[PDB]
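Read the structure below first, then the notes.
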Amino acid sequence: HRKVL
Amino acid sequence: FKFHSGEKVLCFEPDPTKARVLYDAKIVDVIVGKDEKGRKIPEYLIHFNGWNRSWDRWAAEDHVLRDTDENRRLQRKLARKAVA
Amino acid sequence: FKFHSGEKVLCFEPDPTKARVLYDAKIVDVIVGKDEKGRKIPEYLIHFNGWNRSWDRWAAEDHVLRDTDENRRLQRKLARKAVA
DNA sequence: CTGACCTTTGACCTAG
DNA sequence: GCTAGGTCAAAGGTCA
DNA sequence: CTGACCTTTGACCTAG
DNA sequence: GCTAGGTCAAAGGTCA
């Protein structure tokens, strides 16, 4: 649910 | 403790479900906290450079690296993994 | 998980700074939580028999024992240490 | 002898 | 329909 | 002063 | 491209 891979 | 407010650091992705990478960051606040067994452990509020304050996260010492040649190398190495 | 709501159990003192003893208790609520590394771990809300609800504490699985002959023996043993 | 306070239970409703 | 929860009142313990 | 709970404040994500 | 719902972390206030 957060930010960047 | 090991890091101080104002200090520029590298910090691990605080979100477990995401690629393990190292972000440029800054210590905003330190705080003496307490482990499950009541020992004093430091907590560090971290600001992620280039993201706004609403992205600030509390992190354990474990998660915070000194802004060092060797840690920078480790940053680049994790950055390549994550892209690939 | 290992324990269920409604289950009568023994539970460690939740306060590190106090004598390590075992209290008769009851599982009020269980909750799937998350470890520092994002793994699913159960959390247990525990009610301490003979104390009112305002003394209810969240505890890790580690801190909760099955209401068993062997654990009752451990209870007595810790209780004696604590008085002496 | 009384009241405060805790526990365990059976009744019930509601939301899912 | 049944279930898990939540609320509620009855009833018994211990205590000061 | 603490732990639990609840609420508000941004910001994301996944649907549609 | 957008919006609507849920959800998350931080932070703050309340309750006992």
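Hydrogens, waters and symmetry mates are skipped; everything else that's a heavy atom, side chains included, is used. Sequence lines set the chain letters: A, B, ... in the order given, protein chains first and strands last, and positions in each chain run from 1.
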Heavy atoms of B:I46 and B:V64 approach each other most closely as CG2-CG2, 4.5 Å
Closest contact, heavy atoms only, C:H63 versus C:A59
CB-CB, 4.1 Å
Provide the distance between the two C1' atoms, one in E:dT3 and one in F:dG10, to the nearest whole Å.
38 Å
For C:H4 and E:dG5, what is the distance between atoms NE2 and P respectively, to the nearest whole Å?
10 Å
CG/C:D69: more than 12 non-hydrogen atoms of other groups inside 6.0 Å
no
If you measure from the P atom in E:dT7 to the same atom in F:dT7, how many Å do you get, rounded?
15 Å
Answer yes or no: is there an ion pair linking C:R66 with C:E7, defined by an N-O contact shorter than 4.0 Å?
yes
Is any side-chain heavy atom of B:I41 closer than 4.5 Å to one of B:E61?
no
Can you check the distance between G:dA16 and D:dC5, where both ends of the measurement are the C1' atom (answer in whole Å)?
16 Å
If you look at every heavy atom in B:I27 and B:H4, which pair is closest and at what distance?
CB-O, 3.5 Å
Does C:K18 make a cation-pi contact with C:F12, if we ask for NZ or CZ under 6.0 Å from the ring centre and within 45° of the axis?
no
Which distance, rounded to the nearest 0.5 Å, do you find between the SG of C:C11 and the CG of C:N71?
12.0 Å
Per-nucleotide protein contact string for nucleotides 3-16 of chain D, where B marks a base within reach and S marks sugar-phosphate only (heavy atoms under 4.0 Å, - for neither)
---SSS--------
Got a list of protein N/O to nucleotides 8-12 of chain G N/O distances below 3.5 Å?
unit_1 : atom_1 : unit_2 : atom_2 : d
G:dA10 : OP1    : B:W58  : N      : 2.8
G:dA11 : OP2    : B:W58  : NE1    : 2.9

Distance in Å, A:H1 NE2 paired with B:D15 CG, rounded so as to fall on 0.5 Å steps
5.0 Å
How would DNA chain F look in dot-bracket form, 5' to 3', counting Watson-Crick and G-U wobble pairs with both distances under 3.5 Å and writing | for bases paired to another strand?
.|||.|||||||||||
What residue among C:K81, C:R73, C:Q75 forms side chain to side chain contact (heavy atoms under 4.5 Å, CB included) with C:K77?
C:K81
Label F:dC5 north or south, basing it on the sign of the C1'-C2'-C3'-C4' dihedral.
south
Between D:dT14 and G:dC8, how far is it from one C1' atom to the other, in whole Å?
29 Å
N-O pairing of C:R72 and C:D67 below 4.0 Å
yes
North or south: where does the sugar of D:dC6 fall when you read the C1'-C2'-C3'-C4' torsion?
north
